[PDB]
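Take a look at the structure below.
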Amino acid sequence: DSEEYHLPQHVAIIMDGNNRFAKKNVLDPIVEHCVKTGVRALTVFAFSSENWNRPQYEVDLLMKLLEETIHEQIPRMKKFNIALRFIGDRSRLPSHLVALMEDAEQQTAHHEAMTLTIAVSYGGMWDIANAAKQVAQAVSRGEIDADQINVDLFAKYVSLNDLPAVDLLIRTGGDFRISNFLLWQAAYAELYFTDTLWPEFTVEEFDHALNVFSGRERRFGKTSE
Amino acid sequence: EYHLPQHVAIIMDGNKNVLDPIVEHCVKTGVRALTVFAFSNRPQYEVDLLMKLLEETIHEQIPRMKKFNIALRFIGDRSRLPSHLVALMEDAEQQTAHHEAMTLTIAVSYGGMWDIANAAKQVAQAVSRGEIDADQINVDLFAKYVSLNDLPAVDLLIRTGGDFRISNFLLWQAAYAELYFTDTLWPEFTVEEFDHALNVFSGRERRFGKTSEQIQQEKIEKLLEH
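Protein chains in written order, with the numbering used here: chain E, 1 to 225; chain A, 1 to 226.
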């Protein structure tokens, strides 16, 4: 405990609003600011560019863009001691994209002050059902008694179970939905919604959100989680 | 045009009956489901008082449910509830089951994580019996074990009391819900503010679109109304 310290250990961001933007990288200064300030985990969802329910030509372009962006980010993540991680379904992804994700995770694992997780082909319901599948597979092997399955056991199989629970979730762009993102992990997260469009989102407003989180922790306490 | 939610959820938090005008507004506007959670590990005497209050409230509400053609439902863990409360819940559900205009669900000893892990337990028990291959488990199969799966997904979730958390309520069911937060404490929550929240919901659906499930629900309801 501490009277002065109220920094969230795990921040999640739903990046939205470029679809409404009429007229330099936004995420990079946020990521750098987080690791410099001591945030332990940052988990992000590109609300438009990870929506792969589009014509196959567009999905192909989006995957190529993701690959080029991962490649460009690896040396930057090494420079700032950030571990890159990916969550989501990999079973239907092109082999080159899977290899590139593994490569990026392997190149950035050493000497990591913060984990940056990118949601790729991810959904919160998918995550929960995947955890249930893994639990049932363990039951089939005799490793779990199905009658003893409870919240604490199930939590060990959901994505990001080795990181702190999400303390703060930010969504830009104006909508007030968490849109099937980190449903289990953000069960007790403070939710910060802003109409600022993602391309116009600033480190200053991010700091404001952190101060809002601190004030809400003072006002409503920390939760059970 | 004007967009009404199919399923409203409320976290009643506060740091005359408040819920009754809200229930009546839902019935009058065609809301199909209203699910409520009294937000707040206490001395046993306080737990007993709360249980007795819940029992008396269920008793008081049954005739209103008949009057407005509302079906009563309860979600949450029943394994540690007093047997008299469990029997009263079963009786209320059976007495109101034929009512088909709206479902009012009261969450008692409920948590969203509990709900999800309970679904996982049921699926794994079926696997243990050899009824299901664990490799078949996916979203569509799992969804049938989560509470309220026969009702529309939550479109609008209201939380009173000032905090901006969903606090482990309907995590699966509110995956695409619009979230409406108000500083108003629950005892002071009015049907006028509920009307305002519904108006805000309509504007947000116009600006940010309907969910996919909402669009399919509306297609189906148009096909059926004919």
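Cβ atoms here follow ideal geometry from the backbone N, Cα and C, with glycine treated the same way.
Contact with chain A is absent for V203 of chain E, since none of that chain's Cβ atoms lies less than 8 Å from the residue's Cβ.
For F74 of chain A, the three-state secondary structure derived from DSSP is strand.
Cβ-Cβ distances below 7 Å link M12 of chain A to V36, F37, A38, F39, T160 and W186 in the same chain, with the five nearest sequence neighbours on each side left out; the list follows chain order.
Counting along the chain, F181 of chain A sits inside the beta strand (DSSP E) bounded by residues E178 to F181. Under the three-state reduction of DSSP, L104 of chain A is assigned to strand.
In the structure shown, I58 of chain A adopts helical secondary structure according to DSSP, grouped into three states. Think of a sphere of 7 Å around the beta carbon of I149 of chain E: the chain A residues whose beta carbon falls inside it are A117, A120, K121 and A124, in chain order. For the segment 171-187 of chain E, the set of positions with a beta-carbon nearer than 9 Å to some beta-carbon of chain A reads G173, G174, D175, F176, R177, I178, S179, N180, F181, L183, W184, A186 and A187 in chain order. Not one beta carbon of chain E lies nearer than 8 Å to the beta carbon of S109 of chain A.
If you keep only unbroken alpha helix (DSSP H) runs of at least 4 residues inside the segment 143-180 of chain E, you get 151-155. By the rule that beta-carbons nearer than 8 Å mark a contact, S140 of chain E touches chain A. In the structure shown, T190 of chain A falls within a coil segment according to DSSP collapsed to helix, strand and coil. Using beta-carbon distances, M113 of chain A counts as an interface residue toward chain E, with a partner under 8 Å. Across the structure, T108 of chain E and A41 of chain E are spaced so that their CA atoms are roughly 14 Å apart.
Taking 8 Å as the upper bound for CB-CB distance, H10 of chain E and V139 of chain E are not in contact here, some 29 Å apart. Listed along chain E are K133, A136, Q137, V139 and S140, each with a C-beta nearer than 8 Å to that of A134 of chain A. For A99 of chain E, the closest Cβ of chain A is not nearer than 8 Å. Contact between the segment 199-212 of chain A and the segment 20-31 of chain A is absent: fewer than 3 CB-CB pairs across the two stretches fall below 8 Å. Beta-bridge pairing by DSSP links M63 of chain E to no other residue. Annotated as proximal: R165 of chain A and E190 of chain E, with beta-carbon spacing under 8 Å.
In the three-state reduction of the DSSP assignment, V98 of chain E falls in the helix class, which pools H, G and I.
Sorting A:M65, A:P43 and A:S109 by C-alpha distance to the C-alpha of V86 of chain A places A:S109 at the top. Here DSSP, grouped into helix, strand and coil, assigns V135 of chain E to helix. Here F45 of chain E is bridged, per DSSP, to E:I14.
Taking a C-beta distance under 8 Å as the contact criterion, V139 of chain A and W52 of chain E do not qualify as a contact pair. Within chain E, the residues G174 and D175 have their CB atoms less than 9 Å from the CB of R207 of chain A, given in chain order. Within chain E, the residues placing a beta-carbon under 7 Å from that of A177 of chain A are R177, ordered along the chain. Residue environment analysis places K133 of chain E among the buried positions, since at least 16 neighbouring C-beta atoms fall within 10 angstroms of its C-beta. Here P21 of chain A has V191 as same chain residues with Cβ atoms under 7 Å from its own Cβ, once five neighbours each way along the sequence are excluded. In this structure, A:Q61 is the residue among A:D150, A:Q61 and A:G112 with its C-alpha nearest to the C-alpha of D91 of chain A.
For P63 of chain A, the secondary structure class from DSSP, reduced to helix, strand or coil, is helix. Pairing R78 of chain A with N118 of chain A, the inter-Cα distance amounts to about 12 Å.
The beta-carbon of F142 of chain A is placed less than 8 Å from the nearest beta-carbon of chain E. The shortest C-alpha to C-alpha distance from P82 of chain A to any of A:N69, A:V47, A:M65 and A:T103 is the one to A:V47. Taking 8 Å as the upper bound for CB-CB distance, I87 of chain E and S179 of chain E are not in contact here, some 15 Å apart. Contacts with chain E at 8 Å (Cβ-Cβ) do not include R42 of chain A.
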